[PDB]
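Below, in structure tokens: the form deposited in one PDB entry, a single chain.
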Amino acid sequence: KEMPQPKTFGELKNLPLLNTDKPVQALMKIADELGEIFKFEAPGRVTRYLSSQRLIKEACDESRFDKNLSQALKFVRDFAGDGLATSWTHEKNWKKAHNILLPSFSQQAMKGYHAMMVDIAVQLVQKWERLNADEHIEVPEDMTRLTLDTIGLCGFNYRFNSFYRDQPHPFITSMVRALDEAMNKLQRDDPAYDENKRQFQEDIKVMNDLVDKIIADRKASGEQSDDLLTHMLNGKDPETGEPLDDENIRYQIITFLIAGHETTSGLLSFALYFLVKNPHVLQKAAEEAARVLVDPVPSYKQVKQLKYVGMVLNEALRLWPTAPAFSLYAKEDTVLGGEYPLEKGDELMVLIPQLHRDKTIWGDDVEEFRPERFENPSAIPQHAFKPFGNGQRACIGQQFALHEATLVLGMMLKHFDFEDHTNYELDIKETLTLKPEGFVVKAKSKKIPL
């Protein structure tokens, strides 16, 4: 009945607890101490962090709870607009874009993106083939170059050419800095933050200008590509009969870059981390890659056959889900778990990494990396595994993210042996997403041509 709450700071309540550079990890430790639910209070804000499958399966009942914009998402909305990830369910543009975009994100639609994904994946493999002896790989940096360029090419047929650069494309610099400002605002306004505010407006303009220009260029040329921009310029919502307007198309493209690039590169980085830390698993994944990927270029069908690589990726998502939380609100007064009364509008946060450590679902070995947990997908209870969110507001990019990550991890394991030459100590850097900071490896080529 009475809900636990972490230590307070006078008038600031719990807010200074977030003034740390690893806040998800801090909230996980609080959940370890306090259990499946705790109240978190700040000036003008009350939320409740959920950690157990028992309570989260109720919060995922869409008849009782809808997606809420967390404060992080509210700040991202200042540049993602009413794109899919930062719009309320009841906003006309959510269901409209949802209906238009769902068919272009299906498993069937990955067949059309596959060639462009391969284009960037081959660039990654060639970069590593061309490293000199005793040079090493900066794993999240290269994974970020890959996922960013893949979304750019599949999203709107634009080449950021990240593998030709040390300093990223100006669009990426402004996007990352806008995401940085969004996160820093969460932890803080006085006169000192005026420079950050001016820079934020400048970063927003940089993003809008490039994306609006590409949309305008495409409309003028009339050319058709296999990208999401072409689908959005031609698609009509069956319900309203309307197409997306140019401004919303821009917000969707920005959304694809934000929501997809760091989550996916984080997944690849964590997966490779767990592989080099678990040589029996790496051997098993590498066997499958060599057996399945029998052609110099992987095909769409071959990627679907990388079952164990997929298990590796799901187990990496279990331990470190790279979009680590989502937010809900009670549609009406309701009681959570038979003991927590909630009033209409009350907010909930789903702490995904804690959910994925619920021993009552996964057993005592929750911290061990064992892809075999996912050997048979049916053994996983409902709402125990939620790296892609919930229900109609789940990740629309799930099939894209997993197809890219399976393709690329498969190619990495086919073409190279990996050495954890520094005995890397896991250090998880937190933005709005999670990644293993400073993770480096050496790759020895297996000399298999492309």
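Numbers follow the displayed sequence, beginning with 1.
> State whether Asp189, though modelled here, is left unmodelled in a third or more of the other entries compared.
Comparison shows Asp189 dropped in at least a third of the other entries.
> Report, from the record, the number of residues in the deposited sequence between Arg188 and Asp189 that have no coordinates, as none, 1 to 3, 4 to 9, or 10 or more.
Unresolved stretch here: 1 to 3 residues.
> Looking only at CA atoms, which has the higher mean B factor in the entry: 357 to 365 or 136 to 144?
Comparing 357 to 365 with 136 to 144, the higher average CA B-factor belongs to 357 to 365.
> Return whichever of 343 to 351 and 190 to 198 has the greater mean Cα B factor according to the PDB record.
Comparing averages over the C-alpha atoms only gives 190 to 198.
> Highest Cα B-factor in the deposition, which of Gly397, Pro381, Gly410, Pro387?
Spelled out: the listed residue with the top C-alpha B-factor is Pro381.
> For the CA B factor values reported in this entry, which option in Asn161, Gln167, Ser104, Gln123 has the top one?
Top of the list by C-alpha B-factor: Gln167.
> Quick one: classify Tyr308 as lowest, middle or highest third of the chain based on its Cα B-factor.
Lowest third - that is where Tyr308 ends up once the chain's C-alpha B-factors are sorted.
> If you rank every modelled residue in this chain by C-alpha B factor, which third holds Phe79: lowest, middle or highest?
Lowest third, going by the recorded CA B-factors of the chain.
> Going by the CA temperature factor in the PDB record, which third of the chain does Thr422 belong to: lowest, middle or highest?
Ranked within chain, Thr422 CA B lands in the highest tercile.
> Based on the deposited C-alpha B factors for this chain, I'd like to know if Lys57 is in the lowest, middle or highest third.
For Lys57, whose C-alpha B-factor we compare with every modelled residue in the chain, the answer is the middle third.
> Relative to the other modelled residues of the same chain, rank the CA B-factor of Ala405 and answer lowest, middle or highest third.
Lowest third - that is where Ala405 ends up once the chain's C-alpha B-factors are sorted.
Another form exists, deposited in another entry; not displayed. Remarks below refer to it.
> Would you point out which of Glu288, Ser70, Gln53, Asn208 is found at the hinge linking the two rigid parts that shift between the shown form and the other one?
In this comparison, the hinge residue comes out as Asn208.
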